[PDB]
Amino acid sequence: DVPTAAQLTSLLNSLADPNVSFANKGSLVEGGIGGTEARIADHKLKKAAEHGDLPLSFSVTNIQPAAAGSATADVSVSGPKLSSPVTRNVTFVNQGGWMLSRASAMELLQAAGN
């Protein structure tokens, strides 16, 4: 079993939602988001809003399996700040719906700024 493109971009959308604090995005990431982890993602999203970086847009391709019921995908992110899209390969995990792996979620977090 593999997630559909729509499932993943719907997930990345919710993650990317500035109206919602990451304390309430726990359900979207593997193992949830600690009070540390969450405070950073809140600030970086916050800063990206203030700089007009949003809304981000995600095209997902190259869905692939992984062990222990995980999946791989290439997500390309666009936005009014990004002259050309940025593509990462991140892995998702599926426990009651699909979520960003904890690895890939600390990965994207680290890579977004500062």
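So that there is no doubt, residue numbering starts at 1 and follows the sequence shown.
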> Once you work out the mean C-alpha B-factor for both 28-36 and 53-61 from the entry, which is higher?
Replying inline: 28-36
> With respect to the recorded C-alpha B factors, which stretch has the higher mean value, 90-98 or 12-20?
Replying inline: 90-98
> What third of its chain, lowest, middle or highest, does the C-alpha temperature factor of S83 fall into?
Replying inline: middle
>> Is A67 in the lowest, middle or highest third of its chain when residues are ranked by C-alpha B-factor?
In response: highest
>> Per the entry's values, where does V2 land by CA temperature factor relative to the rest of its chain, in the lowest, middle or highest third?
In response: highest
